[PDB]
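**Student:** Here it is: the structure, laid out below.
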Number of protein chains: 2
Amino acid sequence: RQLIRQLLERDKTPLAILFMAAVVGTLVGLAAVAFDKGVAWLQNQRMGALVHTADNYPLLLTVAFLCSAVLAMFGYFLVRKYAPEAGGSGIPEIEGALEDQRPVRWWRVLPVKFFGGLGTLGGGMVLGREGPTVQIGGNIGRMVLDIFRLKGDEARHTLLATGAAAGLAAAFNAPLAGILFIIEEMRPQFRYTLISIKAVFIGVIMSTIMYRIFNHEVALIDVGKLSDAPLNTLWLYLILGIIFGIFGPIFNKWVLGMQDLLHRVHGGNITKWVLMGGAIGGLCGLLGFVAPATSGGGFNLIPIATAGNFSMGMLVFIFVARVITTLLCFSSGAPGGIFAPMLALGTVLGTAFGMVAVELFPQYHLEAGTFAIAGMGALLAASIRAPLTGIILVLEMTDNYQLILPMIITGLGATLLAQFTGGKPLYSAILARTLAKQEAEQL
Amino acid sequence: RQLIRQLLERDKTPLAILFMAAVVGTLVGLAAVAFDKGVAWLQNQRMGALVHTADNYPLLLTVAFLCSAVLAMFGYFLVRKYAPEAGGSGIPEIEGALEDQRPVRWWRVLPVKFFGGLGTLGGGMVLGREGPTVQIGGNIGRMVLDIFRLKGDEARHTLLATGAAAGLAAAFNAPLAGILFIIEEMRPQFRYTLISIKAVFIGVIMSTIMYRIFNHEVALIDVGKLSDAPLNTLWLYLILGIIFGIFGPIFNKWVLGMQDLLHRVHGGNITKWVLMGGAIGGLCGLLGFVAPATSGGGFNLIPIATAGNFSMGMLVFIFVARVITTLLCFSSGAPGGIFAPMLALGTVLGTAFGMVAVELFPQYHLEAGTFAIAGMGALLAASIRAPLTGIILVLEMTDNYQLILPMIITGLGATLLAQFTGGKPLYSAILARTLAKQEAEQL
């Protein structure tokens with residue numbers, strides 16, 4: 001009895017952290033599958049809501065405008081009222097909060113992030129499902145810490161990391177990438193006091209279990225095992241890394257220019273902001289079936305594009321149509337992520353390069369899908385600049401683990417030429433911009 | 001012309017780091033398949049020359065002692081003369097050398113770690129090819145630096161790291177577990193600058209090419225595809241993690257105790273040291289015919305044990321004899337690593353747990369083979385204490401990527417209870433003991 005009585009005292013500090021990290025991993029992961037089910041609902045219903053309007057084409061178009069636009073204004077008003085920091089992606093909002101720069105207001109963000117991510121993802125916009133859930137998990141971790149009573153010196157900065165690692169592993173069914181987002185991408189803020197990485201592991205394996213209780217599949221993207229990319233054709237992946245690394249910092253300077261462009265066209269008036277957000281949501285709501293691949297989050301049409309079901313002109317149309325609507329849906333202050341549509345843009349550009357290369361090179365005997373799968377995790381390394389989770393996320397969700405060696409080449413050639421071209425990581429750039437705006441506002 | 005002329009002054013020393021990183025990454029990776037060819041030869045040739053004159057059993061056994069007794073007396077004498085730092089593993093020596101603690105002498109270490117790892121590993125010893133490959137990789141990373149005379153301070157700490165990751169990428173054909181090795185296992189030594197990790201990426205992807213040109217296999221371990229672990233049976237992997245977590249610090253205290261125990265046997269003299277090591281090499285060479293599952297690197301019995309065709313008592317005898325021949329081989333000062341023997345003695349304990357888990361309660365439809373993959377990278381997580389390196393190293397060379405949640409569950413359960421128990425990482429413990437002996441030697 002004296003042994004358990006002494007380990008009750010000497011291990012009271014680090015074991016309560018893990019016992020609460022299990023509660024964080026349950027809470028985000030239950031809230032995350034509630035979010036995923038609630039966004040499958042009120043989007044599949046609006047998709048199948050052409051059954052009562054089977055002939056009236058303009059009266060279908062206007063009702064598809066309004067039925068997404070009121071949902072988009074419901075998403076934007078909840079961002080603008082009671083918690084103005086819930087907009088944008090949501091990852092730099094806790095990348096600052098792992099440091100002592102940004103403050104976490106869980107009692108404000110956690111309702112509005114849920115009911116705004118619903119309102120702007122079920123509206124058929126071009127946001128992602130992980131941007132809400134990562135910040136939602138971080139606020140859930142700080143909420144568990146504040147519901148209990150701890151000092152918060154190391155306990156806060158291990159529970160925000162556990163919440164991020166258990167949100168990103170719940171939005172993607174990627175447990176290993178949930179750890180590697182904390183280790184690789186959010187490196188210079190995460191402390192790693194060697195009892196905090198066990199809290200990251202606790203949160204990851206307690207959130208992915210709650211995902212796999214509800215959503216019964218094998219992977220997220222249902223693309224089969226492609227052909228193994230042999231040797232003497234990896235220089236094509238090096239050239240694909242060159243192309244993604246050139247395009248990468250050309251991208252997200254567009255999102256940083258558009259973030260002040262749409263700031264300039266509305267000023268600071270909130271009625272002139274929710275109306276613009278509702279107009280963007282209504283445009284991408286009417287765009288849901290007149291061109292169903294130019295709209296949407298992007299998890300569909302990835303098995304379509306990696307199978308070669310599109311022509312080259314169709315693919316460049318899909319690319320230049322998806323880029324601009326990703327800009328107008330992410331830069332406008334919507335509560336959704338950017339980490340998911342970059343996967344779809346990478347898919348489209350990768351299979352366009354594959355359909356070029358399989359025609360140009362007969363002496364290689366290629367398939368146009370391995371370039372798509374490889375180039376998926378290249379725009380997540382040329383713009384966000386985290387290639388070790390960029391390759392591992394698309395390994396975890398597409399099951400194509402045999403082409404990990406072309407994936408590392410097309411991630412490395414992406415990040416190398418994205419650093420030689422003058423370009424910062426996008427999340428670090430957004431965080432530095434909003435921190436400079438915060439510290440210059442109160443001067 | 002002028003564009004290249006302005007290009008050469010911005011990325012002046014980064015491009016030199018990446019070009020010599022490609023040189024290190026291509027020198028290693030043929031210097032590892034040279035190791036693998038020279039260790040497959042004079043092992044298959046050795047056993048073939050013994051079974052050539054296979055007329056009588058004890059006269060076969062005495063020549064099976066004398067061959068690989070002579071190889072062990074070659075290897076131990078080669079470690080003791082001209083290079084006394086090449087003993088044991090080498091990962092502790094270059095983990096110290098990534099700081100300013102242990103000095104690198106490539107001109108001594110490179111021609112003797114090669115020809116000592118040949119003499120010990122091909123001599124049927126119980127130590128693998130990631131010790132004498134990661135040390136060779138780091139020393140090649142210093143050799144290319146000294147030959148090309150870069151002469152910097154970031155250059156040394158970058159090229160030693162990219163040589164270490166190239167050695168671990170070419171040792172196990174794992175391009176992911178090379179980058180994930182000097183991120184977690186070498187975390188408090190390696191500086192994670194922007195141009196260093198891309199030199200690691202270059203050094204790993206230029207070495208996996210030079211491995212996969214020569215070797216044609218997809219993996220190293222021939223476990224085809226096991227069952228998917230259902231959500232009912234996930235607590236059993238936590239119980240396996242707890243068992244490996246209490247076996248964690250009993251091992252590597254046994255290693256550290258047997259190291260000074262066999263140091264007390266030889267005293268301090270090269271003659272008794274070599275006469276001990278020759279007896280150990282002759283013992284593990286003679287064991288290659290009586291019980292051949294108690295020798296070698298330990299890759300022969302892993303697909304035998306993961307398939308259900310052993311017995312419980314045979315697994316107990318294999319594990320016991322494997323431990324008594326693993327401690328006595330690594331702690332005797334032989335140039336060989338401890339990843340692959342630990343994997344080979346972890347899969348036996350995992351399979352022994354699986355054969356009990358199937359038979360106590362069949363109402364899970366549990367295959368007893370899926371615990372072998374879970375128990376391979378669960379003693380690495382307990383003793384070496386790089387769990388994200390272990391659960392990636394075991395999945396790179398088996399391609400059983402569907403139990404990636406039980407991998408994290410048992411890798412958590414190993415290191416959690418190995419932290420509640422007073423255990424250290426074995427490489428940090430060996431490096432601390434070596435640094436204490438070095439600071440005690442100078443006075």
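Cβ atoms come from the backbone with ideal geometry, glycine included; neighbour counts cover every protein chain shown. Here, each number is a calculation from the coordinates, and none is a lab measurement.
**Student:** For B:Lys272, list the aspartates and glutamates whose Cα falls under 17 Å from its own Cα; do not include residues on the same chain fewer than 8 positions away.
**Tutor:** Partners found: B:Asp260.
**Student:** Among B:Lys253, A:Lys37, what is the fewest-to-most ranking by other Cβ atoms within 10 Å?
**Tutor:** A:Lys37, B:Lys253
**Student:** Would you mind ranking B:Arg156, B:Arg142 so that the residue whose beta carbon has the fewest other beta carbons within 10 Å leads the list?
**Tutor:** Neighbour counts put them in this order, fewest first: B:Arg156, B:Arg142.
**Student:** Label-to-label distances across copies for B:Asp260, with labels 7 Å out along Cα→Cβ, in nm, shortest first?
**Tutor:** Counterpart label points of B:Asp260 in the remaining copies fall at 6.5 nm.
**Student:** Say we join alpha carbon atoms closer than 10 Å with springs in a Gaussian network model of chain B; which of B:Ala372, B:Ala429, B:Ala414 then has the biggest fluctuation?
**Tutor:** Taking springs between Cα atoms under 10 Å, the residue moving most is B:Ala429.
**Student:** Which value, in debye to the nearest 20, gives the size of the charge dipole of chain A about its Cα centre, when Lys and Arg are +1 and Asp and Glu are -1 at the Cβ?
**Tutor:** Computed charge dipole of chain A: roughly 1180 debye.
**Student:** Axis carrying A onto B: which residue of A has the nearest Cβ, and how far, whole Å?
**Tutor:** A:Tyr401, 3
**Student:** If you don't mind, another one. What residue among A:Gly285, B:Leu194, A:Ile373 has its Cα farthest toward the positive end of the dipole of the protein assembly as shown, where the charges are +1 on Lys, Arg and -1 on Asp, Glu, each on the Cβ?
**Tutor:** B:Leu194
**Student:** What are the distances, in nm and sorted shortest first, from the label point of B:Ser311 to the label points of the same position in each other copy, with each label point placed 7 Å from Cα along the Cα-to-Cβ direction?
**Tutor:** Those label-point separations list as 7.0 nm.
**Student:** Same structure, new question: Which distances, shortest first and in nm, link A:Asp222 to the matching position in the other copies, using label points set 7 Å out along Cα to C-beta?
**Tutor:** Output for A:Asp222: 3.6 nm, nearest copy listed first.
**Student:** Using the Karplus curve 6.51 cos²θ - 1.76 cosθ + 1.60 with θ = phi - 60°, work out ³J(HN,Hα) for each residue of region A:209-216 in order, rounded to whole Hz, and write x for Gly and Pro.
**Tutor:** 5, 6, 6, 7, 5, 8, 8, 9
**Student:** Please identify, among B:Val356, B:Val104, B:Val394, the residue showing maximal mean-square fluctuation in a Gaussian network model of chain B using a 10 angstrom Cα cutoff.
**Tutor:** B:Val356
**Student:** Still on this structure, please answer the following. Please report the spacing between the Cα centers of region A:418-443 and region A:172-191 in Å, no decimals.
**Tutor:** 21 Å
**Student:** Looking at this model, which pairs from A:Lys81/A:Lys198; A:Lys253/B:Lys12; B:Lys113/B:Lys198; A:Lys198/B:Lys151; B:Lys113/B:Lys437; A:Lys12/A:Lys81 are more than 29 angstrom apart at the alpha-carbon?
**Tutor:** Beyond 29 Å between Cα atoms: A:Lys81/A:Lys198; A:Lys198/B:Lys151; A:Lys12/A:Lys81.
**Student:** While we're on this one: Using a simple spin-label model with points 7 Å from Cα along the Cα→Cβ vector, what separation in nm is obtained for A:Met314 and A:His52?
**Tutor:** About 3.3 nm, to one decimal.
**Student:** Compute the length gained on full extension between A:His263 and A:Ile242: take 0.36 nm times their separation in residues and subtract their Cα-Cα distance, giving the result in nm to one decimal. Intermediate results must be reported in sequence, preceding the final value.
**Tutor:** Working: separation 21, 0.36 × 21 = 7.56 nm, distance 3.30 nm.
Extra length available between A:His263 and A:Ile242 comes to 4.3 nm.
**Student:** Residues with amide H under 5 Å of B:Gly337's amide H, sequence separation 5 or more or different chain, H placed in the peptide plane at 1.01 Å from N; which?
**Tutor:** Distant-sequence amide H within range of B:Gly337: B:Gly128, B:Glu130, B:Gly131.
**Student:** Read phi for every residue in region B:15-22 and hand back ³J(HN,Hα) as whole Hz from Karplus 6.51 cos²θ - 1.76 cosθ + 1.60, θ = phi - 60°, with x for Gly and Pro.
**Tutor:** 5, 5, 4, 6, 6, 5, 5, 5
**Student:** Please report A:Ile147, A:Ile430, B:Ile302, A:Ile140 as a ranked list, fewest other C-beta atoms within 10 angstrom at the top and most at the bottom. Working shown, then result.
**Tutor:** On the way: A:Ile147 10, A:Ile430 23, B:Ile302 26, A:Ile140 30.
So the residues, fewest neighbours to most, are A:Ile147, A:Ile430, B:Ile302, A:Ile140.
**Student:** Post the alpha-carbon centroid distance, region A:92-123 to region A:275-307, in whole angstrom.
**Tutor:** Result: 24 Å between the Cα centres.
**Student:** Debye calculation, C-alpha points only, no solvent: report log10 I(q)/I(0) for chain B at q = 0.08 Å⁻¹, in the same order as the q values.
**Tutor:** Relative scattering, expressed as log10 I(q)/I(0), comes to -0.44.
**Student:** Could you run the Karplus curve 6.51 cos²θ - 1.76 cosθ + 1.60 with θ = phi - 60° over region A:181-192 and give me ³J(HN,Hα) per residue in whole Hz, x for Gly and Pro?
**Tutor:** Karplus-based 3J(HN,Hα) across region A:181-192 equals 6, 6, 6, 8, 6, 9, 4, x, 10, 6, 7, 6 Hz.
**Student:** Still on this structure, please answer the following. Output the relative contact order of chain B, whole-number percent, from Cα pairs under 8 angstrom with separation of 6+ residues.
**Tutor:** Relative contact order comes out at 24 percent.
**Student:** Turning to a different aspect of this structure: Which of the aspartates and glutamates could be linked to A:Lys37 by a straight reach, that is with a Cα gap under 15 Å, when you skip same-chain ones fewer than 8 residues away?
**Tutor:** A:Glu130, A:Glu217
**Student:** Report the far tail of the P(r) of the protein assembly as shown, meaning the percent of Cα-Cα pairs longer than 37 Å.
**Tutor:** So the portion of pairs separated by more than 37 Å is 47 percent.
**Student:** Follow-up question, since we're still on this one. Which value, in debye to the nearest 20, gives the size of the charge dipole of the protein assembly as shown about its Cα centre, when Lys and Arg are +1 and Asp and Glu are -1 at the Cβ?
**Tutor:** Working: 60 positive and 50 negative charges, 337 e Å.
Charge dipole of the protein assembly as shown: 1620 debye, to the nearest 20.
**Student:** Got a sec? Which residues in region B:231-262 would a label at A:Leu3 touch, if it sits 7 Å along Cα→Cβ and we count backbone N under 16 Å?
**Tutor:** Answer for this model: B:243, B:245-250.
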